[PDB]
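Report on the following structure.
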Amino acid sequence: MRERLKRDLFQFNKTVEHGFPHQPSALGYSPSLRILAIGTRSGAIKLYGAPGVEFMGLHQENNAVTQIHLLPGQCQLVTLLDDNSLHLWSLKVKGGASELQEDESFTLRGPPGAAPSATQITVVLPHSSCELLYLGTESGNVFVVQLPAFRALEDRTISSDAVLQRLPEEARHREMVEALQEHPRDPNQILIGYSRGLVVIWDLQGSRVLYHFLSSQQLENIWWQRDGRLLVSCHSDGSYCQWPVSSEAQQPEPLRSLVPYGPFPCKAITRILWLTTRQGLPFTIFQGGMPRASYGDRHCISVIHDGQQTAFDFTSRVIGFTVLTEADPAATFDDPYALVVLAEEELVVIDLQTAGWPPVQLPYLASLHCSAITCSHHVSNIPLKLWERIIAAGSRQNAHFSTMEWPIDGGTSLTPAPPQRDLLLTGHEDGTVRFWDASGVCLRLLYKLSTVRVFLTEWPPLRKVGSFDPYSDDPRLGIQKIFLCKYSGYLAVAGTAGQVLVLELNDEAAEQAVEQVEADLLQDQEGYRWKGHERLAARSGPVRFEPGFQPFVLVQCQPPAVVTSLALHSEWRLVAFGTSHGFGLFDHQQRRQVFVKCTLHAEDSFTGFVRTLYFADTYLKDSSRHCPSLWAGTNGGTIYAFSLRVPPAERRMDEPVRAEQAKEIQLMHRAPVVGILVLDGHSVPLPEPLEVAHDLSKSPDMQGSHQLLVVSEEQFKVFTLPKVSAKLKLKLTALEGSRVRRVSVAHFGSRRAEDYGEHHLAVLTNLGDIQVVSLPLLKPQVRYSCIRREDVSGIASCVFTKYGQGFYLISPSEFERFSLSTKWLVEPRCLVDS
């Protein structure tokens, strides 16, 4: 096209990522800013606050983030990678909005030639003065660093030999600093806990020991009470003690030492927290302690309060956890209200105020891979009537969740509310279809559909929480294709075992039976037998369904192969499906099969393989009478066309729908057809089903001669209807050497002109590039390098939107949104201050 028009329509920019970060490795939190922080093995530091308030950074060394410590009060955080290096980050306001950038780095190094295992940092203690970083090492020495200008203060070094010199008379030889904290009410005193059991309270200015005790078990971690008068240790045998802190010197014995899961041999407690409440009932949170014999493989975090105990069992390893408290540094009681747990595959938030401790919904950081993602489907511009009903159905199934508002509400999002409501439907392996809010910066779950309903299959206090499921139950339930009609509410989903469910949204619950209808694809062919999965056993009789998308008809394909294509026309109430053998049309209004076409030549050739199905109300035989039509594309470059006879509503349930094959066009290059489209007289694609009923202005131009657009992996072609005479072609693979993976129509609004937009093709190549093919001239406009050509998973997982956006999986747990339109750029823009 023209250069002025090209710049006003196309601009490639990878906006923001949606979902859970892959392989988390650290967790941090700022109670003063209410901002969460997550670190990964790839070096990514990700901050999270209120919905729409998020940041992201990358360390120059791609290494694993081990610890994240946000400074109190200040908007600066310190991280520590597995290379024993510190990094100071800050959130500087540039242009009215905050942004995350790295300030300075520092690697703790000792004398030249010393062992690197002696300078390994274990505990990082930011002082309350926001000026020093006390670093506990494996050698037992505590090092002090200045912020900024990281300079190790050798004069303030608290070595191991210095602490052992200040012990009265009991120092029976011997460090690995396991704990390093500050006195909550005295910034002058710090605590140093050693692995063998030595825990001292060190006076900084006095350079002496004020309090010490030698525990009987190997120390793991330490928690100091809010008033600084009680110490709660945890050990390597699965026990936790209580120690009184006063000014009587001597060596006070443990107050209450016990193994909470004994008397059997348990594993260590990794971390323990002792928090106080105004009701006199303190909380006791500890991670681990399971019996090594029967529960050594469980990742659990227990919470003890008011005679109630619950060990929350997660399906993945616990990377880190924190307890949000309503208390500030100048408060009496801690008063917990939330348990934020970061597992290796999910995030779990537990409400601590409501009885039973119910989970808290996640407005972001959702585990999109709790079930293995198989396919996706995006629908743009959802009607407000249907949009509120989907959320209403999702609220009825989430009644067991907590009523507490999202506690991590830091920052102020400067982005307005999304003017257009978008939906991203995700197919999973267990047979679930999740409805996501792909309208704004946060990808929040709205409603979950479970298709498994139509098929046929207290000490220690363990309570399985979370959503991730690492077990692959049945691969036959894996959703393969999804079609959602945003107008009538009809939903069509396809599975791996040849099952096709046509559902309808229902406000109230219903108890109905799913009529099962068989579609024998191999009706005009015998000899070859099926080897593999058997058809899914359907539930006979009525089945209770919760409000939402209730299935009313099941179409079982024979043979039960993988459904490779799906198309639903809610106006004509027809649904078309295709597998590796053939395809067929189904009338879900009468629950009767219309026709079934076999497309073959045990195993032999690799032809057939229905790839695309497209409904169209265009001309097929004459140039005056337009009739409904169903088009089909195969792997062998064959395009089938069927004439449909859709009766009126007065004759809808009376006379059955008829069909007859009218055209069979064979391509000259014999490449698999990836897309079929029909343009009207003004070279505009045919509108979606029921779109003319909800918008008469989008009526297709019937005066001009329609055009048929056939897109293959090698060429684009345009034919003249109804004669199907070749007119335009673009040999993409012959010019650029790339093959077409998938193509989708997109409307590109203009930036120079407010209300002007042209329809064009969004093409994803096998090389990972994203091109734009102009209509109807089939001219290449722009090519943007996006996905790597070796990312076979990310390329297949790609999906385009109707208005020039797209999504693709950079990891099995998170998407990345890209925008090739000048009218769309969904990115986080936020402000955070103290």
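Count the sequence shown with the entry's author numbering and you get residues 12 to 185, 189 to 471, 486 to 629, 705 to 937, in order.
Even for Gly, the Cβ is constructed at its ideal location relative to N, Cα and C.
Beta carbon of residue i, beta carbon of residue j: below 7 Å?
i, j, result
"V174", "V214", "yes"
"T465", "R504", "no"
"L923", "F21", "yes"
"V866", "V846", "yes"
"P579", "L533", "no"
"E192", "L218", "no"
"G334", "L44", "no"
"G784", "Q806", "yes"
"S394", "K905", "yes"
"residue 187", "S453", "Because the chain is numbered 185 and then 189 with no intervening positions, residue 187 cannot be located in this model."
"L437", "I396", "yes"
"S593", "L716", "yes"
"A744", "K766", "yes"
"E360", "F496", "yes"
"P32", "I49", "yes"
"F822", "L811", "yes"
"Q617", "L582", "no"
"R240", "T291", "no"
Can you give the Cα-Cα distance for residue i and residue j, rounded to whole angstroms?
i, j, result
"residue 188", "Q769", "Since the model of the chain includes 185 and then 189 but nothing between them, residue 188 has no atomic positions to report."
"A566", "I404", "26 Å"
"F328", "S381", "13 Å"
"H772", "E817", "8 Å"
"residue 681", "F227", "Any question about the placement of residue 681 has no answer from these coordinates, since the chain jumps from 629 to 705."
"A595", "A856", "35 Å"
"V223", "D311", "40 Å"
"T607", "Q527", "11 Å"
"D872", "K25", "13 Å"
"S209", "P372", "36 Å"
"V337", "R557", "59 Å"
"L470", "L564", "8 Å"
"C389", "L91", "38 Å"
"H319", "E340", "17 Å"
"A125", "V64", "44 Å"
Taking the beta strand (DSSP E) that residue i belongs to, which residues open and close that run?
i, result
"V332", "332-339"
"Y59", "55-59"
"residue 476", "Any question about the placement of residue 476 has no answer from these coordinates, since the chain jumps from 471 to 486."
"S109", "108-118"
"residue 9", "Not covered by the structure: residue 9. The range shown for the chain is 12 to 937."
"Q375", "Note, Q375: premise wrong, no beta strand (DSSP E); not H, not E."
"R306", "Per DSSP, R306 belongs to no beta strand (DSSP E); it is in the alpha helix (DSSP H), 306-309."
"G736", "730-736"
"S847", "843-852"
"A325", "322-328"
"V246", "244-249"
"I422", "Neither: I422 is in no beta strand (DSSP E) and is coded neither H nor E."
"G494", "It is not in any beta strand (DSSP E) - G494 carries neither H nor E in the DSSP assignment."
"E28", "24-30"
"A522", "518-522"
"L867", "860-868"
Following the continuous alpha helix (DSSP H) through residue i, name the residue where it begins and the one where it ends.
i, result
"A406", "398-410"
"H797", "794-797"
"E763", "That residue, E763, is in no alpha helix (DSSP H); its beta strand (DSSP E) goes 761-769."
"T836", "835-838"
Residue i and residue j look like a contact to me (Cβ under 8 Å); what is the Cβ gap, rounded to whole Å?
i, j, result
"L833", "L881", "4 Å"
"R932", "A108", "5 Å"
"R410", "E554", "Rounded, the Cβ-Cβ distance is 49 Å, inconsistent with contact."
"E180", "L158", "About 39 Å; that fails the 8 Å criterion."
"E930", "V27", "5 Å"
"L550", "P587", "6 Å"
"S726", "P825", "6 Å"
"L111", "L58", "6 Å"
Buried or exposed: residue i, going by 16 or more other Cβ atoms within 10 Å of its Cβ?
i, result
"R714", "buried"
"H414", "exposed"
"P296", "buried"
"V935", "buried"
"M304", "buried"
"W487", "exposed"
"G569", "exposed"
"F709", "exposed"
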